[PDB]
Each structure stands twice: as structure tokens, then as C-alpha cells.
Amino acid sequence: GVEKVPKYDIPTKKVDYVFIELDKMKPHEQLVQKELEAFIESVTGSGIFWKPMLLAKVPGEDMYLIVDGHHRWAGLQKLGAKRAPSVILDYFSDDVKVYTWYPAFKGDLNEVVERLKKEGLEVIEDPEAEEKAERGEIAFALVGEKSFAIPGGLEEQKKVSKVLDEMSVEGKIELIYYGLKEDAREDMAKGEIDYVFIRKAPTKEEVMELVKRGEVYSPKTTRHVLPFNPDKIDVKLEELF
């Protein structure tokens, strides 16, 4: 899937990194196999690791939440590496926000209404669907020409994501992940998109809770807006083993 986000000015800041052991880092999303493979291919190609992990200390545990860096972490593990350069964030600062992504596609709601129904889901026509989704009462609202409620919670969200990640890689839909619901609705009006999937965004406390339960969200659940991007770093891959 293709990210499609606004032009946020987020400043680069020169924040030093520290090496943290990979087995002390906890993911909060399922991995995308394509992203993992691409990182492995890139890092082995140059032998430079230039983009630190962004981490948050798990309260009460000798562990860190991966805020940004799931595929770097997993890819380094698969290569046999032991650590990664990391920037530790003040995650519960008001300066850090968490939003979600809005999976939107161009296509027909037929190979998708039925192919979600094959994974085991319901799709009830409901004018209040988006309203219910945003209060966190259903798994997804599905909005385009009509409005549909997809009942459930996390297990159901993972099924909706699953279908789409497969069909994207398969190439029967064009899957864009919108940073903003309203941008999807613009591109929808223009005809470039047909439907959008709307769930309530997780809170920071929920992300931390999920991690402490040893659980993960589906891909593209969190969209963290951070007060800075760390400047690039000069770490050799050989330093990570």
C-alpha cells in the first residue's frame, strides 16, 4: 500500500542515539513482509544504518515500545543482529499525538464485500456507521456511495487489513493509506477513490496496554505525529552484531 499524507513541517532535530538490544523492543503492529524484505535488502546493500529506532520506555518493564521502526527491528533480528541505534521519546508528552490511517481503495464493493465475508465478517448498511466507528463502537465503517457498519473489535480489524494487504500485493485493487479522512473524501469526489475504511484511532495508553498484553494491531493502525524527526546517523551495520 501507498502512504498519502499531508506536507507536515516536522523539524529535523539533532538528538543523539543510544544502542538498545533488539530483544528489549516490543512491536505494536503486525509486520508487512514487503517492508521487512526491502529494509533487509537496503541495509545489506550499503552496510550503513542511518535511521534510528524511535522508542518509548514501557512503564514498569525493562522493555521499550517501538514507536517507529518495526521493519528495521524485525529485519535486523532476521539478519542475526543484536541491537539498533535508538532515540528514546517522551511518549506521553502532549507534543506526541497518535492518529490512524484511512485505508481507501479504487474498485467495486463486490470482490471486497464478498472477500471480507469469506474471512468471516459482517457488512451492515447503516447511516450512523462512521459516527459509531469514531466513537469506537464497531471495527470499521466502510463509506463510499453507501455507508456500511462492520461490527467487532481487533480480530475483525485484522481480517479487514489482511484482505487488503493481500489484494494490494496481488494487484486487484489500488490501495492507498490516507493520513487524513478528509483527503480521502476529496480524492473520492475526484473519482480516484471509491470507498474509505474508518476506525477510531488508538490512544497512547491503548498502544502501551496492547503491548503489555503481548498483542499487536493490524498494519497501518497507528499514525504518530512527532515533535521531531531525528537527524540521520552514521552507524555501520557491523556495529549491530
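In case it trips you up, residue 1 is the first one in the sequence shown, and so on.
- Here the stretch with the larger average CA B-factor, out of 37 to 45 and 57 to 65, is 57 to 65.
- The stretch with the higher mean CA B factor, choosing between 86 to 94 and 138 to 146, is 138 to 146.
- Comparing the listed residues 78, 117, 158, 71, the entry records the largest Cα B-factor for 117.
- Note on 173, 31, 208, 216: the highest value goes to 173, judged by CA B factor as recorded.
- Residue 200: CA B factor in the middle third of modelled residues in this chain (values from the PDB entry).
- Among the modelled residues of its chain, residue 181 has a C-alpha B-factor that falls in the middle third according to the deposited record.
- Per-chain ranking of the deposited C-alpha B factor places residue 190 in the highest third.
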